[PDB]
There are 2 protein chains.
Amino acid sequence: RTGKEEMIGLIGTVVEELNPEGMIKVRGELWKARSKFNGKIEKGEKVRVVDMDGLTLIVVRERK
Amino acid sequence: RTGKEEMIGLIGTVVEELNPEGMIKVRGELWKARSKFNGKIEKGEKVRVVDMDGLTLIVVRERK
Ligand code: NA
Ligand code: NA
């Protein structure tokens, strides 16, 4: 398993809208992702990785 | 309660070494903080807020 320690804190870009679940690109890799609070994070938006649920990244939109 | 949504994703600076518990400054406020994985994050280091445990911020050191 690619651990939590490797992913948490990284920035990615939404490639498939998080509504609240979707798809993000982090480094070169595609990942399943879920926004922590927001109902919807749009394609192209920058997100921050804050946790991990199995192979699903939990993200908030990047601040400012 | 100042919710998780307000704090998660923000950057702060360690004001009292996280070993793993300590003190950080986020915005103008002093907060209790705990590093998520690391055994020790030093004074002056930049951290990212990834979660919250009561009034204690859970942080990783800022990437790159
Ligand atoms: Na949600
Ligand atoms: Na620990």
Side-chain angles (χ1 to χ4, degrees):
Chain A
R1 291 89 148 174
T2 297
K4 290 194 185 182
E5 195 163 347
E6 314 179 54
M7 303 308 293
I8 292 174
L10 292 178
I11 201 170
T13 310
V14 178
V15 295
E16 176 181 275
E17 187 179 71
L18 276 45
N19 52 225
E21 290 175 312
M23 208 80 196
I24 68 176
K25 208 169 186 68
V26 173
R27 300 164 297 189
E29 293 184 82
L30 289 181
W31 283 83
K32 284 179 159 218
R34 185 165 77 235
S35 61
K36 195 177 167 78
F37 313 100
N38 281 178
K40 179 195 282 162
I41 306 178
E42 298 82 357
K43 178 184 167 83
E45 300 275 317
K46 302 297 168 187
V47 290
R48 193 106 252 168
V49 188
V50 298
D51 203 3
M52 221 186 307
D53 195 11
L55 298 170
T56 303
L57 305 180
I58 296 150
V59 302
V60 296
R61 32 162 39 98
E62 177 67 346
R63 299 273 185 146
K64 330 296 177 216
Chain B
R1 291 89 148 174
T2 297
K4 290 194 185 182
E5 195 163 347
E6 314 179 54
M7 303 308 293
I8 292 174
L10 292 178
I11 201 170
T13 310
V14 178
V15 295
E16 176 181 275
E17 187 179 71
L18 276 45
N19 52 225
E21 290 175 312
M23 208 80 196
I24 68 176
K25 208 169 186 68
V26 173
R27 300 164 297 189
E29 293 184 82
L30 289 181
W31 283 83
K32 284 179 159 218
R34 185 165 77 235
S35 61
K36 195 177 167 78
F37 313 100
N38 281 178
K40 179 195 282 162
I41 306 178
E42 298 82 357
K43 178 184 167 83
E45 300 275 317
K46 302 297 168 187
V47 290
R48 193 106 252 168
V49 188
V50 298
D51 203 3
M52 221 186 307
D53 195 11
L55 298 170
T56 303
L57 305 180
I58 296 150
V59 302
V60 296
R61 32 162 39 98
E62 177 67 346
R63 299 273 185 146
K64 330 296 177 216

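A note on names: the letters A, B, ... follow the listed sequences, proteins ahead of strands, and every chain is numbered from 1. Quick note: numbers below take in every heavy atom, side chains included, and nothing from hydrogens, waters or symmetry partners.
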Original post:
Does A/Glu17 pair with A/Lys43 as a salt bridge, N-O distance under 4.0 Å?
Top reply: no

**OP:** Any chance you could measure A/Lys40, atom NZ, to A/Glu45, atom CD, to the nearest 0.5 Å?
**Re:** 11.5 Å

**OP:** Check the hydrophobic clustering (I, L, V, M, F, W, Y; side-chain heavy atoms under 4.5 Å; chains of links allowed) and say if B/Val26 and B/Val47 are grouped together.
**Re:** yes

**OP:** Can you measure from NZ (B/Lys25) to CG (B/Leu30) and round to the nearest 0.5 angstrom?
**Re:** 4.0 Å

Original post:
So do A/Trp31 and A/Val49 actually touch side chain to side chain, heavy atoms under 4.5 Å?
Top reply: no

**OP:** Go through the structure and list residues passing side chain to side chain contact (heavy atoms under 4.5 Å, CB included) with A/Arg1, not counting sequence neighbours.
**Re:** none

**OP:** Please step through side chain to side chain contact (heavy atoms under 4.5 Å, CB included) for the pair B/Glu5 and B/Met52, ending with a clear verdict.
**Re:** CA-CA 9 Å; B/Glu5 195 163 347; B/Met52 221 186 307; over 6 Å; no

Original post:
Between B/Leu18 and B/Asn38, does a side chain to side chain contact (heavy atoms under 4.5 Å, CB included) hold up when you go through it step by step?
Top reply: CA-CA 9 Å; B/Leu18 276 45; B/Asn38 281 178; over 6 Å; no

Subject >> 4.5 Å side-chain heavy-atom contact, A/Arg63 and B/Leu10 >> reply: yes

Original post:
When hydrophobic residues are tied together by side-chain contacts of less than 4.5 Å, even through go-betweens, does A/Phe37 share a cluster with A/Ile11?
Top reply: no

**OP:** Drop me the distance from A/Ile24's CD1 to A/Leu57's CG, to the nearest 0.5 angstrom.
**Re:** 4.5 Å

**OP:** Flag the pair A/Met7 / A/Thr2 as yes when at least one side-chain heavy-atom distance between them is below 4.5 Å, and no otherwise.
**Re:** yes

Original post:
salt bridge (charged side-chain N to carboxylate O under 4.0 Å, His left out) with A/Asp53: which of A/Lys36, A/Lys32, A/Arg34, A/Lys4?
Top reply: A/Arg34

Original post:
Is A/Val60 reachable from B/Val50 through a run of hydrophobic residues whose side-chain heavy atoms are each under 4.5 Å from the next?
Top reply: yes

